[PDB]
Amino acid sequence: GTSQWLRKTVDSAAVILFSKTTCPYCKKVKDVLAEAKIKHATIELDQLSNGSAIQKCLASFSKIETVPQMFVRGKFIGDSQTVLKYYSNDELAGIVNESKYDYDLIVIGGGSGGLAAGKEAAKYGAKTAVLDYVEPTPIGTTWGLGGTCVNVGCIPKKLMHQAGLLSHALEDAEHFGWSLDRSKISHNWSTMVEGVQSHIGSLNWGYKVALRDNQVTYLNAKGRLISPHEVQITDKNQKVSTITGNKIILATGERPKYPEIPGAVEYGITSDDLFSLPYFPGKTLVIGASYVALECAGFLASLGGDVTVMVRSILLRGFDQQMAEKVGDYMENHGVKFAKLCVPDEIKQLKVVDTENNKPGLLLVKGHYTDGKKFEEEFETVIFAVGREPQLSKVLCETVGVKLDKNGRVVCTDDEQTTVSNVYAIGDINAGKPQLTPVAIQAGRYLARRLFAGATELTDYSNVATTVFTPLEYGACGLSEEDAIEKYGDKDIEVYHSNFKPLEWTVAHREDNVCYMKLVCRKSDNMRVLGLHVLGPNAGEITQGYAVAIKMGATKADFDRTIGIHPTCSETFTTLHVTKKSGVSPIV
């Protein structure tokens, strides 16, 4: 048991020390490495149950049982003195620093997971290189380091959400007494895009800095794994070179799909273009139903745009459909038009995008409804959010044996290992895992600690909370109501729910009985909270805390004996009492 673990650890760590807190010559060599600016992992045997056996099983590797014991890339490098003996004659640089390969770790893709993994690995001695490149969109849009979230995802998405929410803040401010000229307030897209792009620019550059500050080599180069330990890089000159690493982390993410219809690539855009668009989109058609589609339709409308969403079948497939319908219901009642049960057939261009005056072109979208009537309408902008797909054929010489699935994602063990044992996959390309930035970050950091500091903890992908940043936000943790009934049967499921009304909405004359929340519980398992769902303002702030309790096995009674904070939206979870089976109405 313990020896399978120590075998992996010693082979994988680049620079690691085993030590004790209460023993001198442990303390003694740490300070010397410090002084020498040589980074390393450390395992305080005094602080593990296992430590007993390990310092003893350790002698299988060193012929030794003293602490300290220092290893480098799988090989014992000595005692108290043999290492001082290396600083001694100044030979502790080419010792800690030589490897079969150029790097302990090459990370391919510089997004949420890849930068997080790279950084944490460098923190324990790993010689690390991060590759990143951004294949432009069909119109030539590109961006800097940081990945989908930072550049064309949650970050700009949420800022434009915020700008949208300020619309309702400007409305609300009048009823709270502010002298406000709503007959003279407009929104300027270019000003907003420039502020958003300036904060993105500062994150692109904060990430370069951060890589430099942690002795990580950043390469603006496309990476192709040609063999388990070999990565071919092509740079901005199209110059081709080869580099070698012991561990490889694939973290290349996905890019938007287009539908295969005439004029879609040529005249439509995706989220990749939206957030740096020079010109206001104007009257916009969003094609799709993902949380991406509704988030974008949502703030465009709150920015005053004329917005339409084309929905092939249902909203937010994969999410609790009662909540999805409530989300959709709020947007329809606040400006968003929905062309329901409708697909596109062609996009025909009527006007070309004016680089001159930064104004959109004009498109004719032709489509058909399920009922056979034809869709034909003009839009200045058409945005596809019909899903996202990995681009790995462009990264994995399929000679190398990294097994992909149907959808092009990487088949992984529970510790992120691919079918090539030194190659791991994190983030959106890891088949079957939730596709979210914090997941990718915990995966990369936790994996980096297993590789290079002997950690054991795996990433827990279960009950990962989400929030959809539609005009009215929807946060969730755990199962939808339909999935809990599927798994356990209707009679084993109790659902407590309630409408509520933000105090902020009262003076502001917003809706009663629109915001809503519910706990899905297992009668047979002590009313274990299996899924939490909340529709209302600040739904992410609300939900996050409860994801800790749920991960701990919260039951209904745990919610009930917690005392609310007043006045908040979140406190309503601590007083829920109407059940669905009751028939009683959740209104307030």
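From 1 onward, residues are counted along the sequence shown. Here the rigid core means the biggest group of C-alpha atoms that line up within 1.5 Å when the two forms are laid on top of each other.
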Quiz item: Following superposition on the rigid core, is the mean squared CA displacement, expressed as RMS, greater for 325 to 333 or for 174 to 182 in 8 other deposited structures of this protein?
Solution: 174 to 182
Quiz item: Following superposition on the rigid core, is the mean squared CA displacement, expressed as RMS, greater for 16 to 24 or for 566 to 574 in 8 other deposited structures of this protein?
Solution: 16 to 24
Quiz item: Which has the higher mean CA temperature factor in the PDB entry, 389 to 397 or 256 to 264?
Solution: 389 to 397
Quiz item: Would 180 to 188 or 452 to 460 have the larger average of its C-alpha temperature factors, as given in the entry?
Solution: 180 to 188
Exercise. Determine which member of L535, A554, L33, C521 has the highest CA B-factor, using the values in the deposited entry.
Key: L33
Quiz item: When the CA B-factors of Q322, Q232, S112, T128 are compared as recorded in the entry, which is the largest?
Solution: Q232
Self-check item: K239 CA temperature factor, ranked by third within the chain
Solution: highest
Quiz item: What third of its chain, lowest, middle or highest, does the C-alpha temperature factor of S227 fall into?
Solution: highest
Practice problem: Within this chain's modelled residues, let me know which third the CA B factor of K491 belongs to: lowest, middle or highest. | Solution: highest
Practice problem: Within this chain's modelled residues, let me know which third the CA B factor of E541 belongs to: lowest, middle or highest. | Solution: lowest
Quiz item: Lowest, middle or highest third: where is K20 by C-alpha B factor in its chain?
Solution: highest
